[PDB]
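# Fold and geometry: a report
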Amino acid sequence: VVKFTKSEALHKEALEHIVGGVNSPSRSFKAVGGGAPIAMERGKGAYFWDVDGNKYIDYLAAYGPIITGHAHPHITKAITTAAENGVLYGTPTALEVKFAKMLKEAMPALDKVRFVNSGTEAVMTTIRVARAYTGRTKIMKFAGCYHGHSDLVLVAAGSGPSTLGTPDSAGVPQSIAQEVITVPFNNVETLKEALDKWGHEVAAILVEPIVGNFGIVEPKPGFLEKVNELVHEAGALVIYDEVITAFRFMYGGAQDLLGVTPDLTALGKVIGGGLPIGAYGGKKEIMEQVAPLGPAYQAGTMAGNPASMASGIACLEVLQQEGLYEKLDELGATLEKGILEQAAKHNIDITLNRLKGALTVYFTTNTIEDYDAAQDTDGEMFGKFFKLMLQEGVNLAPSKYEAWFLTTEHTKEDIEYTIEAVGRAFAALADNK
Amino acid sequence: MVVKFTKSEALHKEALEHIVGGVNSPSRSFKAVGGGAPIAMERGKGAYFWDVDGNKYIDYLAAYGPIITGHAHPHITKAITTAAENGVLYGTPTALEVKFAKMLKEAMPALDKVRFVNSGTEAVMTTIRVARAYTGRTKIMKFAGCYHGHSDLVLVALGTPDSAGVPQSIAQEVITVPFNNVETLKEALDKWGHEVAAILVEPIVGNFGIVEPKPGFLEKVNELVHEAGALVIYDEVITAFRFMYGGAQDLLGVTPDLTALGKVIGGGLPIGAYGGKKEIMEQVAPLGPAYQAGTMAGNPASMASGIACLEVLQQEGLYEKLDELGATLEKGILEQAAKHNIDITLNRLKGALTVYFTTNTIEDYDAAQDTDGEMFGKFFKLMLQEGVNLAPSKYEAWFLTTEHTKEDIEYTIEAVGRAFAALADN
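Parameters and conventions
Residues numbered from 1 in each chain as written, not as in the entry; some residues may be left out. Chains lettered and ligands numbered in written order. Heavy atoms only, no water. Helix = DSSP H or I, 4+ residues; strand = E, 2+ residues; numbered from the N terminus. Rg over C-alpha atoms; globule rule 2.2 N^0.38 Å. Buried < 20%, exposed > 50% of the residue type's maximum accessible area, 1.4 Å probe, protein only. Areas by Shrake-Rupley, 256 points an atom, 1.4 Å probe, with all protein chains shown as cover. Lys, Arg positive; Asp, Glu negative; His and termini not counted. Charge placed at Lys NZ, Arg CZ, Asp CG, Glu CD. Contact = heavy atoms within 4.5 Å. Pairing = 2+ DSSP bridges. Axes fitted to C-alpha atoms, helices over the stretch in contact; angles between N-to-C directions. Expected span 1.5 Å × (residues − 1). Domains from an automatic or database assignment. Buried area = accessible area lost by both parts, 1.4 Å probe. Salt bridge = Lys/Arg side-chain N within 4 Å of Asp/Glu carboxyl O. Polar contact = N/O pair within 3.5 Å; in protein donor to acceptor, adjacent residues only side chain to side chain. Nonpolar A, V, L, I, M, F, W, Y, C, P; charged D, E, K, R; others polar. Parallel < 35°, antiparallel > 145°, perpendicular 65-115°, else oblique. Left-handed = near helix turned anticlockwise from the far one by under 90°. Arc of directions from axis to C-beta. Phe/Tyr/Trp six-rings, centres within 6.5 Å; stacked < 30°, edge-to-face > 60°. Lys NZ or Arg CZ within 6 Å of the ring centre and 35° of its normal.

## Brief notes about the overall build of chain B
Scanning chain B from terminus to terminus reveals 14 helices and 14 strands. The C-alpha atoms of chain B give a radius of gyration of 21 Å, which matches the 22 Å a tight globule of 426 residues would have. Reported as C-alpha extents along the three principal axes, the dimensions of chain B are approximately 60 × 55 × 45 Å. Scored against the burial criterion, the 426 residues of chain B give a buried share of 66%. As presented, chain B carries roughly 14200 Å² of accessible surface, and 50% of it is formed by carbon and sulfur atoms. When the 37 positive and 52 negative side-chain charges of chain B are each reduced to one mean point, those points stand 3 Å apart.

Below is the structure:
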């Protein structure tokens, strides 16, 4: 039996100074039955150590950014050098141009780019830019997809077919929600309906080209192609939110992987090497709306800072290695196979979506192709599974809507232990109900 | 002439092809000062910058506000390195978040609880959401010319926006009134007070130059706003830890309901935070229904960096020294203006100041906007030639750091005299 005594004490103290003891609700254990979240003291490659000295194989990847593992020495070197020369200037630098060019080389549809401080800021910006460019106000998005924590993307459907949004957070006015139309991911019919109905007032649609925010869910064949067709027909723009997808599945974005081109792209997470970052980019004429060139305002005190540029560069230099994404795919396939075998063995009902080195285990018999179905999977089962996995020394994200991410540092043996641990986790579930 | 920018010019030419307008903030373009390629910096150490052409500068930009320990202060550098070696981003709680949270609360006792985010802009937009959740109201009030980040609502000039791409539905939620003016404030709250969730205030303005609130003005803001049932948000993204070890609220002794923070408190790394009265903060998930998140929020690098920075700022005599040096600088600049017959007014608080080209006392945005931008731009470019790097706008502040010396100040004063001579010569 593992113990979490120090984490418990830390959480108790955290509650006094930080709202709910966490700086993101995602980090709370509320969704998985409560209790103190586990506090980590150190990460190295595939491993975490908590404040009680327990070791974990980590699949959280800090919710998407981590792919070179914790503290990869090539990135650490770059960060150290950056700190030694000052991490923040408020002026142009060579590194900004270098990193901009490297992103353009990997994702040839970016004609120009701008750096911001987060995926949230990147998305906020693409929206303002699409509105400035088209002269339109409304924004479309797919149900359940996450585009950061700005007011506009904190809106839900939509009572009835193709309707105006309702607020999905307190503090978000109906005046904001009124500008957003939400429709189901992977559904051509409803997309058609909404565009026929509102298409002429829609500045842009937001798309996770591959979904990572209600588990990993791939677009069906023809879907992204149809989004482009329908949205362009309507005079609207397509914004790919690639904050998760870019550099996660190949050296490049899902747009390069799947061969479908948006008008604008939002980036973040992986491209910072672990440091805070965002970027957006796309077709020349669209980007030229941004000040000082155009009238659309975007700024940010830490935007393009030398530390994040340096660590981002270092990270992509690592990801350039030949055979790297193929290894993630291989290990992912091994992991998928093993989890499915353990589920069959122990009569646990699961569905598993994997693309390369990212996967989600759902507790259900339904194949998950949209948010509605992910919502209806067994969160109570998932919660118990999550806590049993901790006991096995495997750190997952504490939500049924999260992905397991492999890194370049996970080994065959890491995966084989993980499978063993899942086997023991599933056995325990079987013995309780 | 003597100071050449060939390499900054070639780099800007390349940047233009890849980055919109060649900069990642419009602040960094030389657009406000007559145009041209901005100076690209290669490294910073203490009070000094070196550009890509090898030219050395005494820096007053402070990266528009966060820099106060100078560039690459060793105490911060070691923290950032240690953090990188131990992993910079976890996505779980850590002991460092709790430690830094306590330090902020210790410096600024009106924070019952705090949350970390990734930028001042995020901290500001969150305080608005929280204010709206708490009061159940939608309108936000702010002062003309003040800057609160680059989220839609605060980019509005009912009101009407000044950024393209910001819808009328947003502008209708914003009311804007002149800074330092009690009558227009009362008048706005009388009409719209019952729909106003909060007012946003830079308790000491930094964004149309440095401008202090008139005597009694902040207390009047609290008085009129609270009686309308609205909350007061201090946007202390610039002010906190700039003027004393604590916020403008601690310095001026006036307490808001919510506070947004950033810039200084990250030691240079990207950061924001917000906090305030316990009951209000209870709205934030997972405690309440007001959502706020952020993948790098509370990251161990930014936490360790912030802690290291506040540790430097705890040293006895540090803020006094910044004040004393600021006084010397102000005194020298005023003497040079008198000597060369240049019309300026100078607003200083502690180690931050703005030189305005005008004869008017500057107390609000309207006045600042009227000052002579042409003369500022010439002055700015003459200063570069003297090896002094300022922020390229008349709306900017000069910021001292712990690393600027009496000799740096003396040199800057003589640089200013040389530049004022050239302005007078014409």
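This is not the end of the story, as more comes after the structure.
## Topic: the overall build of chain A
Secondary structure assignment for chain A yields 14 helices and 16 strands. Rg of the C-alpha trace for chain A: 22 Å, near the compact-globule value of 22 Å for 433 residues, within the 12% margin. Projected onto the principal axes, the alpha-carbon positions of chain A cover approximately 60 × 55 × 45 Å. The burial tally for chain A puts 66% of its 433 residues in the buried class. Relative to all contacts within chain A whose residues are 6 or more apart in sequence, the contacts with residues 24 or more apart total 71%.

## Let's talk about the sheet that holds strand β4 (residues 112-116) of chain A
Residues and elements named next belong to chain A. Taking strand neighbours across the sheet as the criterion, the seven strands line up as β4-β12-β11-β10-β9-β5-β8 in an open arrangement whose pairing is mixed. Lying at the two open borders of the sheet, with one neighbouring strand each, are β4 and β8 (180-183). Within the sheet, the average angular offset between the axes of one strand and its neighbour, ignoring direction, is 20°. Sheet topology places strand β9 (residues 202-207) next to strand β10 (residues 237-241); four bridges connect them, and they run parallel. Across the sheet, residue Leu206 finds its bridge partner in β10, namely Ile239. Helix-sheet contacts for helix α4 (residues 119-134) involve β4, β5 (138-142), β9, β10, β11 (264-268) and β12 (278-282), and the interaxial angle to β11 is about 165°. Relative to β8, helix α6 (residues 188-198) is tilted by about 160°, and along the sheet it contacts β5, β8 and β9.

## Overview of α4(A)
All names here are of chain A. Taking 1.5 Å of rise per residue, 16 residues should cover 22 Å, and α4 covers 22 Å from first to last C-alpha, within 8% of that figure. When you tally the buried positions in α4, you get 14 out of 16 residues, the bulk of the element. Where α4 terminates, the next one or two residues include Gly135, which has phi positive at roughly 85°.

## Remarks on the environment of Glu402(A)
Residues and elements named next belong to chain A. Mapped onto the elements of the fold, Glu402 is located in the loop between β15 (394-395) and β16 (404-405). We classify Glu402 as buried; its relative accessible area is 17%. Taking the C-alpha atoms as reference points, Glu402 and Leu264, separated by 138 residues in sequence, lie 25 Å from one another.

## Considering the domain arrangement of chain A
Residues and elements named next belong to chain A. Domain annotation for chain A reports domain 1 (1-72 + 322-433) and domain 2 (73-321). Put simply, the middle of domain 1 and the middle of domain 2, counted by C-alpha atoms, are 26 Å apart. Taken together, the contact pairs 32 residues of domain 1 with 32 residues of domain 2. Where domain 1 abuts domain 2, roughly 2700 Å² becomes buried across the two surfaces, and 62% of that area is made up of carbon and sulfur atoms. The interface formed by domain 1 and domain 2 includes one salt bridge. For the salt bridge of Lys220 with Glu369, the shortest nitrogen-to-oxygen distance reads 3.9 Å. Our enumeration of links across domain 1 and domain 2 arrives at 15 residue pairs in polar contact. When contributions to the side of domain 1 that touches domain 2 are tallied by element, the ones reaching two or more residues are α11 (324-345), β13 (351-355), β14 (358-362) and α12 (371-375). No other element matches β14, which puts four residues into the side of domain 1 that touches domain 2. Classifying every residue of the side of domain 1 that touches domain 2 gives 19 nonpolar, six polar and seven charged.

## Quick notes on the packing of helix α13 (residues 379-391) of chain A against helix α14 (residues 412-432) of chain A
Residues and elements named next belong to chain A. Running from amino to carboxyl end, α13 crosses α14 at an angle of 130°, the nearest separation of the two axes being 9 Å. Judged by the angle between their axes, α13 and α14 are oblique. Regarding α13 and α14, the two cross each other, and that crossing is right-handed. Along its contact with α13, which presents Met381, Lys384, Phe385, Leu388 and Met389, the element α14 presents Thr418, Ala421, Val422, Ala425, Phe426, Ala428 and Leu429. Each residue belonging to the contact of α13 with α14 can be placed in one class, and the counts come to 10 nonpolar, one polar and one charged.

## So, helix α1 (residues 6-18) of chain B
For α1(B), spanning 13 residues, the distance from its first C-alpha to its last is 19 Å, which sits close to the expected 18 Å at 1.5 Å a residue. Listing the buried residues of α1(B) in full gives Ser8(B), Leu11(B), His12(B), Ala15(B) and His18(B). The arc that holds the buried residues of α1(B), viewed along the axis, is 120°, so those residues lie on one side. The secondary structure elements touched by the buried residues of α1(B) are α3 (94-106) and β4 of chain A.

## Remarks on the domain arrangement of chain B
Residue and element names in this part refer to chain B. Domain boundaries in chain B define domain 1 (2-73 + 316-426) and domain 2 (74-315). Computed from C-alpha coordinates alone, the two centres of domain 1 and domain 2 are separated by 26 Å. For the pair domain 1 and domain 2, the two sides together bury roughly 2600 Å², of which 63% comes from carbon and sulfur. In terms of surface lost to domain 2, no three residues of domain 1 exceed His73, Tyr319 and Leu349, which account for 27% of the buried area on that side. Run the count over domain 1 and domain 2 and you get zero salt bridges. For the pair domain 1 and domain 2, the interface holds 16 residue pairs in polar contact. For the side of domain 1 that touches domain 2, the secondary-structure elements that each account for two or more residues are α11 (318-339), β11 (344-349), β12 (352-357) and α12 (365-370). Classifying every residue of the side of domain 1 that touches domain 2 by side-chain character gives 19 nonpolar, six polar and six charged.

## Some remarks on the pairing of β4(A)
All names here are of chain A. For β4, the tally of buried residues reaches five of five residues, placing the bulk of the element in the interior. Where burial is concerned, the two faces of β4 agree: the one with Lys112, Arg114 and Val116 and the one with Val113 and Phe115 are both buried. The sheet contact formed by β4 and β12 spans five bridges and is antiparallel. Note that in β12 the partner of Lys112 across the bridge is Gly282.

## Observations regarding the packing of aromatic side chains
Taken as a whole, this structure holds 37 aromatic pairs over all chains when the rule is applied. Centre to centre, the rings of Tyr297(A) and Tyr147(B) are 6.5 Å apart; their planes meet at 75°, and the pair counts as edge-to-face. Here the residue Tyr297(A) occupies a position in the loop between α9 (284-287) and α10 (306-319), and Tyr147(B) occupies one in the loop between β5 (139-143) and α5 (168-171), the pair thus bridging two chains. Owing to a relative accessible area of 21%, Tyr297(A) belongs among the partly exposed residues under this scheme. Members of the aromatic cluster, connected to one another through ring pairs, are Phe30(B), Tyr60(B), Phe357(B), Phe376(B), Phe379(B), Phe380(B), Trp398(B) and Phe420(B). Sitting over the face of the ring of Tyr47(A), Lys55(A) holds its NZ or CZ atom 4.0 Å from the ring centroid. A cation sits over an aromatic face here: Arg418(B) above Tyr411(B), 5.4 Å from the ring centre.

## Concerning the sheet that holds β13(A)
Residue and element names in this part refer to chain A. The three strands lie next to each other as β13-β14-β16, forming an open sheet whose pairing is antiparallel. If you trace the sheet from one side to the other, it starts and ends with β13 and β16, each paired once. Pairing between β14 and β16: two bridges, direction antiparallel. In the sheet register, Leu359 faces β16, and the bridge partner there is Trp404. Of the strands in this sheet, β13, β14 and β16 are in contact with α11, which crosses β13 at around 175°.

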